[PDB]
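# Observations on the three-dimensional arrangement
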Amino acid sequence: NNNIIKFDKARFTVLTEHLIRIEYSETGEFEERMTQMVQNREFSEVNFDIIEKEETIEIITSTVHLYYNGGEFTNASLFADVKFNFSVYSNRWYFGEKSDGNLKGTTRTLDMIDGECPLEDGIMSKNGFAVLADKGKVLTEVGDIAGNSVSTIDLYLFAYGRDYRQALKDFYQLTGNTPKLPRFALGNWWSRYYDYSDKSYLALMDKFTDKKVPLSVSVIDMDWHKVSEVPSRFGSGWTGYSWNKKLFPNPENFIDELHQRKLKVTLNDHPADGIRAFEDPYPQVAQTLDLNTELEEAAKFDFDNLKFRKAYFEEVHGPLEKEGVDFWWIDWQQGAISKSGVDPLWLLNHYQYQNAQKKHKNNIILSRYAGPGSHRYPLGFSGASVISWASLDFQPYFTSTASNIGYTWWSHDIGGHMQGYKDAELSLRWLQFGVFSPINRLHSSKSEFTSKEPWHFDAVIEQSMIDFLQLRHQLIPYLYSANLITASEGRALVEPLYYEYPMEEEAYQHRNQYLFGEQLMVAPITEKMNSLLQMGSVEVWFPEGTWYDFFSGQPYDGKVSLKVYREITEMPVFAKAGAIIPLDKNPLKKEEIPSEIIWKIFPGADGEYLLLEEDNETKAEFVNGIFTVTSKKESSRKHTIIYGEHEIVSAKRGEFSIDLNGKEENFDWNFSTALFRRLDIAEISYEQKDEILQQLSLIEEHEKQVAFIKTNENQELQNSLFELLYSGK
Amino acid sequence: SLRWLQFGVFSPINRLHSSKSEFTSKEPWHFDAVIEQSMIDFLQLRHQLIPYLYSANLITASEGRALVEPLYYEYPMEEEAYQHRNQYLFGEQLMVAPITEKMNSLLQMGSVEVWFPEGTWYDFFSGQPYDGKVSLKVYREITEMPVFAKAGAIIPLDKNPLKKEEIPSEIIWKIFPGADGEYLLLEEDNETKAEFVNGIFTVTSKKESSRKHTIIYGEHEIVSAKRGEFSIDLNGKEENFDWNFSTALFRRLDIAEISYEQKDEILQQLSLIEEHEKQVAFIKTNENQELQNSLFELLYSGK
Amino acid sequence: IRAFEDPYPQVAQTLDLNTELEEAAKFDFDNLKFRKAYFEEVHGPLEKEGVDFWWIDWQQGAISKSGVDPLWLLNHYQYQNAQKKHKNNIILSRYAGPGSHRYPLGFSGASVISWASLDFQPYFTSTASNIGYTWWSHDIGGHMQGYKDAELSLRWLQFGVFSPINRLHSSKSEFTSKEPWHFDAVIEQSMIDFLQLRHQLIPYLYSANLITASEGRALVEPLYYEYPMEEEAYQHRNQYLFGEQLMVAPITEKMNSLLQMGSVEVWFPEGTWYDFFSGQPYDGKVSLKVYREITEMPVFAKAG
Ligand SMILES: *[C@]1(O[C@@H]2[C@@H](O)[C@@H](O)O[C@H](CO)[C@H]2O)O[C@H](CO)[C@@H](O)[C@H](O[C@H]2O[C@H](CO)[C@@H](O)[C@H](O)[C@H]2O)[C@H]1O
Ligand SMILES: *[C@]1(O[C@@H]2[C@@H](O)[C@@H](O)O[C@H](CO)[C@H]2O)O[C@H](CO)[C@@H](O)[C@H](O[C@H]2O[C@H](CO)[C@@H](O)[C@H](O)[C@H]2O)[C@H]1O
Ligand SMILES: *[C@]1(O[C@@H]2[C@@H](O)[C@@H](O)O[C@H](CO)[C@H]2O)O[C@H](CO)[C@@H](O)[C@H](O[C@H]2O[C@H](CO)[C@@H](O)[C@H](O)[C@H]2O)[C@H]1O
């Protein structure tokens, strides 16, 4: 109440020094209930100043002057000056107007998108302020829609400057934290829009095992249910709740077989045509909803309706869950229309996520983005992207930017969904990105030609895809720990560079570069390789410090912007001196938590990593060359230590300390080996290869080696050779 | 026309000539004020070089050494001495790399790939330094010619090139710091030896004369119109030319027909970034490939 | 006027601001007391130090309580206030809608430095006479961004000299000074020649100025003012009358390097015309492409 100020028909709540709620009420009553967006307005007390006159009020915090001159809210009556100098004259908010600087957020879907699409604003701005309008309905205490707010205007002014992480934390305090994901969500998912039988689906799952590809999730797409068998008088077979008995004669037994293989099972649900008279559950639903069965009255989709929702969860989903379905893929594409004015997609995500908690702890959905606050209902499902280099090139930027509206669990169709064109290299680059994305779900539309099975491709592509898919399971400990940090501390797994480096202009100029947890920096390659080099490339910004390629140990002295080149089988991922990354030593081994962890240490600085698990916390410390591992609880877990290049300790039990000061710090990576490899794969003249190898071996002074490559007629070859020289300086 | 005259001035004979056209006169004042002034400057330079040329002439006649030598006369075992067709030695003290291609309009500069042999080299005109051995693309405005001298080079010049007199009444001794050197000025009726040994410059002649000697050590005139034989210690005198990275960088960016936003960013980043390797990494990202090469020349000279 | 400013103590006293909370005197040109404090206590001391007139450089939008554009409030009240200390005083400010010609001079602002911007500007300038706004001052040579071309700078200055106002200006770049001696000796000498010509034209300009004020005739007229029934008077966008004695066809395209000359298609009305500079004659009526070296500008005068 000390942090609440009324003036004329407005109410101002100073939630933090940098977050002010702004309300208008014609009725003099202001809204206390939660909304679709807002779950909590309880914040600790803060200091601020007021200048209140007859006709005007000014609220003053450490970061903003908010002015209200009375009357209806207009661009003239309600406005704010930030106490920052990030811009020369973009430091003022005017009610109902847009200002420059917004770093954007996300959008509902990538359905039908070939490359870039427009995004909605987020809460982050380079100029230090953003306004988030609450246009949603009020909730009841139990979380049903209650109707219109009595605050007919309800806004949140964010004035955090470039303290982006704190803005996001306080956003999560206002809108509710992201829930914890279950560990199974972080493994590889198999999905394909393909009319598998029980037999061919299990045969494929057993082929994954034979091929050494680990999976956590078995998606079954819409051909699980009747499609062509639906009489046309009912409409299409898009919506379905009845097994196709030719393909799945015993569904519970088939799901039992996936459960024996330690897979979680989800089915595609297209809800929009509801429960029509041909469906297996229709007799029960018709009885519950008092439908006219002799006129074959449909139970039309109506998620505003309590009785419909109950029948949907209990009598439609319920029997399928009893057969063993673990969680729901809500695949909604039929618009934003409802009686209530609430988006049916929001109603589905809110009510289905809540219903999923009844049968499994920390359960998920898979569904499209439903607006600010819908991060409460993971996972995000971006949908039917066009298969193209342009779509891949948009996706890292899309994924990191989404953290700016707190939606940090986007699952993209890895390799793209539909249409587009075949290029095995595009498929491989997309999988590299997916492995370093929130969720790694392989999926494809209905084409005989778009399977994401590694063995679809040639032996080189296949082996690389298998390697990356195994790496995803090696990363599950790191991902799961980051997941618990999202849930408990409001930190995104994927951060734009500018979260960590807000004052570095280069942190705003590398759209596809991101931080992946706290220990890794990713620069995916999203452009087709230069055939003369047989290598793809990306311009990488290296912050201040010593950086190592995560895979090769190639070093880079920051701060620098440097074009980096990789073969199609290799991905630019970097770790700082002192980085500690845990890996599952046994990624193929079915076990709910790893029996063995590899501690991968990057020499040259102190470091620390906290491994959060379901029932433990394990701290790895690297201080003055001493590596120490301690846990809250004891276990039989065996620890492996890799210090730079070399395995130091193999499968050691319990807590321990070891001195690595007397151990080889340097990786093997060396200029001459790397130079020989780049020249050898290049589709260039042998006389050019001979001369470059000879001259770069003979010329001793680094500045003269660089002068020699500066004369090369191949401009991209110059850049590739320059990367090696820079790493070898 | 201007590039051709630059070459002619550093060729065996500088004879302006043209066929029967009302439009092909080689008079400097045929052209605009910029071209005219540059042509006049080069034509005066030719007469400043007559002492050096005449001495080389007597060396051709008496010792069978050409004034103009291919690089491979001096550097027969260096493959790069066979790969710079238009580069040559001009007497024993100067190495010439004429520009013979129309300028890049985006840079407002012409260029030539120069092979610098082992040693420290200076632009004869600007004092811009180059560490050999290296092959390096060099850029010059249309009024400037790539001519280079080694540390220790001594070049005599006529101080009064316009003055009608059968032999110069005044010689400028132009000394390039950083090494010992020597030059023998052969004339019709004299020989004058200039020696630069452990920072001591000595001038002696076979016969005495009223000739007045001027000494330019790098940048600075040390002695003005001094008669007779003499010695002077230059160890306590400023060795360094004025030429500097920042002034040269500003000039190249300023004449360039490129975006002002690119000029602003290059000047700001190259001033801010302290480590030479990171200044080179910054220019390596430039979308203008020839601008990269021009900036790289400045960075290489400023290393 | 924020709390760090030299005039803030006086403004705070006049407007009863809370100085211990560092309350800003926010810009509010709807407010009589704010306007008075702005003219008397903010501008006033600077005028006492010798400032002759105000460059109002407003780019922060059209929002006010009253629904009056703050730019209109600034131009109306500042032009009126400028008359207090000097006779026939001016401002320099952006266009504020029909009638704002009452508050000269016009300030067109932050043009991109390009051939495209120069090529628009003569047309822009003459067309403005159609809403009576006849004193546009453009940044001569362009304001910001864009690209370097000494010939573009020289052609822009040629136009400026035959425009309502010849104000050299440039944004914050070490590389965009409009000083003639920034350029080579040929460009420098031509720029100096054109800048001296502007002062030679001041008698003609000042006389035209009094004709604008007393008879409502623009200095710069589209061709179709004089030749309303000639279709060619609507087909030469950048050609204009400059007072009553001169017709201008600026060159606004980079020269053809094979000719070492720029060009413009000129419509010559009925009559005998002379190049103002060379005396080259032209028999009207004809449309004729004319060529000039970068140092020369197409300006024409009739017999008599
Ligand atoms: C794609 O699906 C179409 C079908 O609509 C139908 O026409 O058969 C086609 C094959 O011959 C098939 O390509 O296009 C539609 C319209 O854009 C999308 O709605 C489909 O995506 C969604 O549904 C799929 C099936 O459940 C699912 O795999 C996707 O993840 C959904 O986004 C798309 O596959
Ligand atoms: C050039 O001379 C021709 C003349 O032959 C004659 O036809 O008049 C022409 C002008 O309308 C003129 O261009 O071509 C010939 C044939 O190739 C050359 O022999 C001339 O060069 C020589 O003679 C010139 C006159 O003495 C002299 O200046 C040159 O140095 C000579 O090589 C050439 O000018
Ligand atoms: C230009 O000014 C920007 C500044 O805003 C700041 O970012 O510094 C830059 C240089 O590093 C500089 O280029 O761009 C802005 C935004 O478009 C304009 O508002 C500026 O023009 C106005 O202000 C100038 C300074 O008073 C003035 O010279 C112009 O006449 C004004 O239009 C522009 O220069």
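Residues numbered from 1 in each chain as written, not as in the entry; some residues may be left out. Chains lettered and ligands numbered in written order. Part of a larger assembly, values for the part shown. Heavy atoms only, no water.

### Regarding the nonpolar core
Judged by nonpolar contacts, the single largest core of 153 residues is most densely connected at A:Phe158, A:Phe542, B:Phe116, C:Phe162 and C:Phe242. With 7 residues, helix α5 (residues 150-161) of chain C is the single largest residue contributor to this core. Here A:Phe158 is in contact with A:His18, A:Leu19, A:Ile123, A:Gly128, A:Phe129, A:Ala130, A:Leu132, A:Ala167 and A:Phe171, once residues within four sequence places are set aside. Counting 131 residues, the second-largest nonpolar core is a separate cluster that includes A:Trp328, A:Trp346, A:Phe433 and A:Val522. (Core = buried A, V, L, I, M, F, W, Y, C linked by side-chain atoms within 4.5 Å. Buried < 20%, exposed > 50% of the residue type's maximum accessible area, 1.4 Å probe, protein only. Helix = DSSP H or I, 4+ residues; strand = E, 2+ residues; numbered from the N terminus. Contact = heavy atoms within 4.5 Å.)

### Observations regarding the site of ligand 1
Residue and element names in this part refer to chain A. Lining the immediate environment of ligand 1, one finds 17 residues, of which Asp221, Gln333, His417, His443 and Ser445 sit closest. With respect to ligand 1, the side chain of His270 contributes an N or O atom lying 3.0 Å from an oxygen atom. Here an oxygen atom of ligand 1 sits 2.6 Å away from a polar atom, N or O, in the side chain of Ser445. Counted by class, the shell around ligand 1 contains 7 nonpolar, 6 polar and 4 charged residues. (Near = heavy atom within 4 Å. Polar contact = N/O pair within 3.5 Å; in protein donor to acceptor, adjacent residues only side chain to side chain. Nonpolar A, V, L, I, M, F, W, Y, C, P; charged D, E, K, R; others polar.)

### Structural notes on the interface of chain A and chain B
On the side of chain B, 20 residues touch chain A, which itself brings 20 residues to the contact. Here chain A packs against chain B, burying approximately 1600 Å² in sum over the two surfaces, 60% of which is carbon and sulfur. The tally of links from chain A across to chain B stands at 2 salt bridges. One salt bridge in this structure joins B:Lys278 and A:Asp557, with 3.1 Å as the shortest N-O distance. Our count for the contact surface shared by chain A and chain B stands at 8 residue pairs in polar contact. Every element with two or more residues in the side of chain A that touches chain B is listed here: β28 (560-566), α14 (702-710) and α15 (715-727) of chain A. Ranked by residue count, the leading element in the side of chain A that touches chain B is α14(A), at 6 residues. Tallied by class, residues from the side of chain A that touches chain B come to 6 nonpolar, 6 polar and 8 charged. (Buried area = accessible area lost by both parts, 1.4 Å probe. Salt bridge = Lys/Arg side-chain N within 4 Å of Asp/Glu carboxyl O.)

### Regarding the pairing of strand β9 (residues 154-158) of chain B
All names here are of chain B. With 5 of 5 residues buried, β9 is to be regarded as a mostly interior element. Side chains of β9 alternate between two faces, with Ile154, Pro156 and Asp158 and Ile155 and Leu157 buried alike. Relative to strand β10 (residues 170-175), β9 is paired through 5 bridges, and the arrangement is antiparallel. Residue pairing for β10: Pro156 is matched across the bridge by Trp173. (Pairing = 2+ DSSP bridges.)

### Digging into the interface of chain A and chain C
At the interface, 18 residues of chain A touch 9 residues of chain C. Carbon and sulfur atoms supply 60% of the area that chain A and chain C bury against each other, a total of about 1100 Å² over both sides. Sorting the residues of chain A by area buried against chain C places A:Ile51, A:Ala76 and A:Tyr89 first, and these three jointly supply 38% of that buried surface. Here A:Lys53 and C:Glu23 are joined by a salt bridge, their closest N and O atoms 2.8 Å apart. Along the contact surface separating chain A from chain C lie 2 residue pairs in polar contact. Of all the secondary structure elements, the ones that give two or more residues to the side of chain A that touches chain C are β4 (49-52), β5 (57-60), β7 (78-82) and β8 (92-94) of chain A.

### Remarks on the sheet that holds strand β33 (residues 616-623) of chain A
Residues and elements named next belong to chain A. If you trace the 4 strands from one edge of the open sheet to the other, you get β32-β33-β34-β37, paired in antiparallel fashion. This sheet does not close on itself; its edge strands, each paired only once, are β32 (607-613) and β37 (656-659). Between one strand and the next, the sheet's axes are offset by a mean angle of 10°, whatever the strand orientation. Alignment of β33 against strand β34 (residues 626-631), held across 6 bridges, turns out to be antiparallel. Paired with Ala620 across the bridge in β34 is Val629. (Axes fitted to C-alpha atoms, helices over the stretch in contact; angles between N-to-C directions.)

### With respect to a negative patch on the surface
On the surface, A:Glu645, A:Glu664, A:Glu665 and A:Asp668 cluster together to form a negatively charged patch. Along the chain, A:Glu645 turns up in the loop between β35 (638-643) and β36 (646-653). (Patch = residues over 30% accessible without salt bridge, like charges linked within 9 Å, V, L, I, M, F, W, Y side chains within 5 Å. Areas by Shrake-Rupley, 256 points an atom, 1.4 Å probe, with all protein chains shown as cover. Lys, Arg positive; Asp, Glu negative; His and termini not counted. Charge placed at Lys NZ, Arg CZ, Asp CG, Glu CD.)

### Looking at the pattern of salt bridges
One pass over the full model with this rule turns up 70 salt bridges over all chains. Between C:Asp139 and C:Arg167 there is a salt bridge, with its nearest N and O atoms 2.8 Å apart. Placement of C:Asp139 in strand β5 (residues 139-140) and of C:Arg167 in strand β6 (residues 167-168) is noted, with a sequence separation of 28 residues between them. We note that C:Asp139, like C:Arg167, is buried. Here the residues in one salt-bridge network are A:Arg11, A:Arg21, A:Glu23, A:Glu32 and A:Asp154, joined through shared partners.

### What to know about the packing of aromatic side chains
Residue and element names in this part refer to chain A. In this structure the tally under the stated criterion is 112 aromatic pairs over all chains. One aromatic cluster in this structure is built from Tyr241, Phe301, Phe303, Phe308, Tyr312, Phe313, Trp332 and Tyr351. In this arrangement the basic side chain of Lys126 is found over the ring face of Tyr508, its NZ or CZ atom lying 4.2 Å from the centre. (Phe/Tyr/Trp six-rings, centres within 6.5 Å; stacked < 30°, edge-to-face > 60°. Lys NZ or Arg CZ within 6 Å of the ring centre and 35° of its normal.)

Functional significance is not addressed by these values, which are geometric in nature.
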